[PDB]
A.B. asks: 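I have a structure I would like to understand better, so I am pasting it below and will then ask my questions one at a time.
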Amino acid sequence: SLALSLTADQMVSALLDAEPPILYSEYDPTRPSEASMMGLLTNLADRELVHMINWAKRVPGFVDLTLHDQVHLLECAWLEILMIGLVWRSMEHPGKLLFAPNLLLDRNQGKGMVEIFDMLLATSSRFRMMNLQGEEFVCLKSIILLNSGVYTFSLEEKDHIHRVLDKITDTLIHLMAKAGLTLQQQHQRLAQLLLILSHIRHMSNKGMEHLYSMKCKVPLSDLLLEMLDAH
Amino acid sequence: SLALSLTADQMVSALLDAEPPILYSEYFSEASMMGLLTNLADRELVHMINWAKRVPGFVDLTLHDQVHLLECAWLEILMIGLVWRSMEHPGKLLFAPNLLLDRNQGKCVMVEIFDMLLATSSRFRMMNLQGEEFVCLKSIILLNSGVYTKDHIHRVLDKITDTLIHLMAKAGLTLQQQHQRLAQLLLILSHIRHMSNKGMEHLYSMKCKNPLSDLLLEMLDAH
Amino acid sequence: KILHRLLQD
Amino acid sequence: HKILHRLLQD
Ligand SMILES: N#CC(=C(c1ccc(O)cc1)c1ccc(O)cc1)c1ccccc1
Ligand SMILES: N#CC(=C(c1ccc(O)cc1)c1ccc(O)cc1)c1ccccc1
């Protein structure tokens, strides 16, 4: 409710003002290894999660959902959202991943970690070639939040979610018609953007099982463990 | 190049005629059900490979590129096929005409994957997914799932998008309903990807737990 | 469930 | 090579 009454411009503004800050890592240079890097990424992701949760609440429609439903959506999409956030801010850094303003990495240092790094780099290149706009990005990210767990949790309820997704789709199209794209180009770019979400899912799934494996071996946040032991 | 010159209707007809047949299984306890699904998937793969060669644009790719795309999306394509033919059987999974299952027997090992597949089937049923739309989604999966692990493939993907829109404008959908249904369809592909990944690691744990096809071992030991 | 925190705050 | 190779050529 209410979220289904927003205009496209109001939808965009809402998402833009809801944007979480870009956090710094505890990265202290003059000293390079594995585990240490994973520790920094864990420390970073831990603090980002708190902002993501508060960001998720500002996402139009999300607040209207059950507490249990909110939990499930975040449990499914948290790494996807972290990764598309990483990929987005890494756009103007070709061949590099900007985890934090003070933590810029290429595929060299990140050496199964390498496979995920290349997939993230490939997504960032794809965004750069597509010349992804910030208005489009915040749409994609909020789509991930609502879509990633909609087929895992008479309640529905899931009809409301689909109604909001349709609203974001209209928002995306509104943005593309604004940038002078023809109707054909609007459909194509829309398709291009949503097909990347498949690979963002793929990277998350791959990253998820990587975190699962080392859990039996680096220390993880009590919130991050909460996320992992729920997927 | 020839694929990019097709009309939308010619694109639809090309994919429909390219459709692989529906196979039967060898007509359930644990390992027996897995044997049947493995046997069925092994034979389906042979048809998929030839089907893939009929997908407009796929032949224009390097052999190594064809191999990679199939290695990437083979389980996805199998699952969306399963979900598609399971549409008119609510709460059931039609693996073969002589092999219809609900989530009950799939508890002998798997329950989570069945529920996701059934969820996708329910989603297709609710969306009233058409065959013309299905064959477009499937070919998209083949071309998209491994495209990052390439400009031509993107030209073909755009072509299939035009085809999907063409189909929707034909059914009387307003322009708004056109981009909405387009979005809805492509968002299901994220879940189909998710199911494949979950099914893949299950097969991986199953392989080194001990049989399966030497072809299926290619698809695994390359994923 | 720490995730319940923040979500009700 | 791979079995998949000959399937794509045959
Ligand atoms: N890239 C990346 C990964 C992130 C991550 C690392 C450790 C964790 O405990 C959780 C997540 C990450 C992604 C985005 C971001 O803003 C911060 C961290 C990653 C995840 C799994 C496997 C490999 C890398
Ligand atoms: N559903 C399903 C799965 C299939 C499968 C089973 C065994 C294999 O060796 C390969 C695939 C399957 C999907 C569609 C189809 O037409 C035939 C078989 C499955 C895969 C992994 C885990 C659980 C189920």
Side-chain angles (χ1 to χ4, degrees), chain A residues 112 118-119 122 198-199 202 205-206, chain B residues 3 14-15 17-26 34-84 95-96 135 137-149 152-154 156-157 160 189 192-193 195-203 205-206 208 210-223, chain D residues 2-9:
Chain A
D118 284 331
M119 288 189 292
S198 293
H199 298 88
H202 183 69
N205 292 333
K206 292 328 210 70
Chain B
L15 296 173
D17 178 77
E19 275 296 275
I22 295 183
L23 275 51
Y24 286 71
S25 72
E26 320 162 316
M34 279 297 94
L36 265 52
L37 295 196
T38 298
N39 179 279
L40 174 60
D42 170 47
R43 285 179 290 126
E44 280 189 281
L45 277 175
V46 186
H47 290 279
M48 175 190 303
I49 290 162
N50 286 265
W51 156 84
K53 293 194 292 185
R54 314 269 297 281
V55 173
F58 189 84
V59 58
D60 296 327
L61 302 175
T62 304
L63 200 91
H64 287 181
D65 283 345
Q66 295 177 355
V67 165
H68 180 69
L69 287 193
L70 276 170
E71 282 179 351
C72 276
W74 71 268
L75 184 52
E76 271 181 285
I77 298 169
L78 282 184
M79 284 183 169
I80 196 182
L82 166 67
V83 166
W84 164 247
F95 286 98
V135 296
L137 291 182
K138 194 164 59 170
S139 65
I140 282 177
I141 293 175
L142 175 64
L143 294 174
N144 177 71
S145 286
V147 79
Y148 298 136
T149 46
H152 165 74
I153 295 186
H154 284 125
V156 183
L157 285 175
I160 303 180
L189 262 50
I192 294 171
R193 171 85 73 142
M195 291 187 294
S196 171
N197 286 326
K198 291 331 210 75
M200 206 68 69
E201 55 179 343
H202 178 83
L203 293 184
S205 69
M206 172 181 165
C208 57
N210 223 16
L212 66 160
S213 177
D214 267 23
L215 173 64
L216 269 162
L217 286 170
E218 317 260 85
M219 308 298 172
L220 292 190
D221 292 272
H223 201 102
Chain D
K2 304 199 195 78
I3 311 174
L4 177 56
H5 277 69
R6 73 170 176 93
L7 266 298
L8 289 162
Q9 299 185 266

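Here is how names work: the chains are called A, B, and so on, in the same order as the sequence lines, proteins then strands, and each is numbered from 1. Every heavy atom of this structure was used, including side-chain atoms; hydrogens, water molecules and symmetry mates were not.
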A.B. asks: If every non-hydrogen atom of B:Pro56 is compared with every non-hydrogen atom of B:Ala14, which pair is closest and at what distance?
C.D. replies: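 B:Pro56 and B:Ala14 have their closest heavy atoms at CG-CB, 4.1 Å.
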A.B. asks: Between CG of A:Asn205 and CE of B:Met195, what distance do you get to the nearest 0.5 Å?
C.D. replies: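 Rounded to the nearest 0.5 Å, the CG-CE separation comes out at 11.5 Å.
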A.B. asks: Mind listing the closest non-hydrogen atom pair of B:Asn144 and A:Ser198 along with its distance?
C.D. replies: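 In this case the closest contact between B:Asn144 and A:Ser198 is ND2-CB, 4.0 Å.
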A.B. asks: May I ask you to decide if B:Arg193's main-chain N or O and A:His202's side chain share a donor-acceptor pair within less than 3.5 Å?
C.D. replies: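 Checked: no pair found.
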A.B. asks: Using every non-hydrogen atom in the two residues, find where B:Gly146 and B:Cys72 come nearest and quote the distance to one decimal.
C.D. replies: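 Shortest heavy-atom contact: CA-SG, 3.7 Å.
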A.B. asks: Answer whether the closest heavy-atom distance between the side chains of B:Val59 and B:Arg54 falls below 4.5 Å.
C.D. replies: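 Counting from C-beta outward, B:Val59 and B:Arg54 never come under 4.5 Å.
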A.B. asks: Taking NZ, NE, NH1 and NH2 as the nitrogens, is one of them in B:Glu26 or B:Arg43 under 4.0 Å from a carboxylate oxygen of the other?
C.D. replies: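 Salt bridge: no.
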A.B. asks: Could you walk me through whether B:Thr149 and B:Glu71 pass the side-chain contact (heavy atoms from CB on, under 4.5 Å) test, one step at a time?
C.D. replies: CA-CA 11 Å; B:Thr149 46; B:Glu71 282 179 351; over 6 Å; no
A.B. asks: Would you please test B:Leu40 and B:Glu44 for side-chain contact (heavy atoms from CB on, under 4.5 Å) and show each step?
C.D. replies: CA-CA 6 Å; B:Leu40 174 60; B:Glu44 280 189 281; 3.5 Å; yes
A.B. asks: Which pair of non-hydrogen atoms, one from B:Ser213 and one from B:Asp42, has the smallest distance, and what is that distance?
C.D. replies: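 Of all heavy-atom pairs spanning B:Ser213 and B:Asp42, the closest is OG-OD1, 2.8 Å.
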A.B. asks: Quick check: do B:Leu142 and B:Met48 have side-chain heavy atoms less than 4.5 Å from each other?
C.D. replies: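 Contact flag for B:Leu142/B:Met48 side chains = no.
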A.B. asks: Check whether any side-chain heavy atom of B:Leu212 sits under 4.5 Å from a side-chain heavy atom of B:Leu203, and report yes or no.
C.D. replies: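 Counting from C-beta outward, B:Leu212 and B:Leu203 never come under 4.5 Å.
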A.B. asks: For the OG atom of B:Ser139 and the CH2 atom of B:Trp51, what is their distance to the nearest 0.5 Å?
C.D. replies: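 The OG atom of B:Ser139 sits 6.5 Å away from the CH2 atom of B:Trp51.
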A.B. asks: Just how far is it from atom CG of B:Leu189 to atom OG of B:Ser145, taken to the nearest 0.5 Å?
C.D. replies: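 Spacing of CG (B:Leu189) from OG (B:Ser145) equals 7.0 Å.
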A.B. asks: How many angstroms lie between NZ in B:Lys138 and CE in B:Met79, if you round to the nearest 0.5 Å?
C.D. replies: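 Here the interatomic distance stands at 15.0 Å.
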A.B. asks: Check whether any side-chain heavy atom of B:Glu218 sits under 4.5 Å from a side-chain heavy atom of B:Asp221, and report yes or no.
C.D. replies: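 No. Closest side-chain heavy atoms not under 4.5 Å.
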A.B. asks: At their closest point, which heavy atom of D:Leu7 faces which heavy atom of B:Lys53, and how far apart are they?
C.D. replies: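 The answer is O-NZ, 3.6 Å.
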A.B. asks: With the side chain counted from C-beta on, respond yes when B:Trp74 and B:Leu216 share a heavy-atom pair under 4.5 Å apart, and no when they do not.
C.D. replies: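 SC-SC contact between B:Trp74 and B:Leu216 confirmed.
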A.B. asks: Please report the interatomic distance CG(B:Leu157) to NE2(B:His152), rounded to the nearest 0.5 Å.
C.D. replies: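 Answer for the CG-NE2 pair, B:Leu157 versus B:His152, is 9.5 Å.
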A.B. asks: Are the side chains of B:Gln66 and B:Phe58 in contact, using a 4.5 Å heavy-atom criterion?
C.D. replies: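 Yes, side chains in contact.
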A.B. asks: If you define the side chain from C-beta out and look only at heavy atoms, does anything of B:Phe95 sit under 4.5 Å from B:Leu78?
C.D. replies: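 In short, these two side chains do not touch, never coming nearer than 4.5 Å.
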A.B. asks: Would a distance-only check, ignoring hydrogens and angles, find a side-chain to backbone donor-acceptor pair under 3.5 Å from B:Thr62 to B:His64?
C.D. replies: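 Not a single qualifying donor-acceptor pair exists.
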A.B. asks: Indicate yes or no: at least one non-hydrogen side-chain atom of B:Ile153 is less than 4.5 angstrom from one of B:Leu69.
C.D. replies: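 Yes, at least one pair of side-chain atoms sits under 4.5 Å.
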A.B. asks: I need the B:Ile160 CD1 to B:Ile141 CD1 distance, nearest 0.5 Å.
C.D. replies: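 Reported value, rounded in 0.5 Å steps: 10.5 Å.
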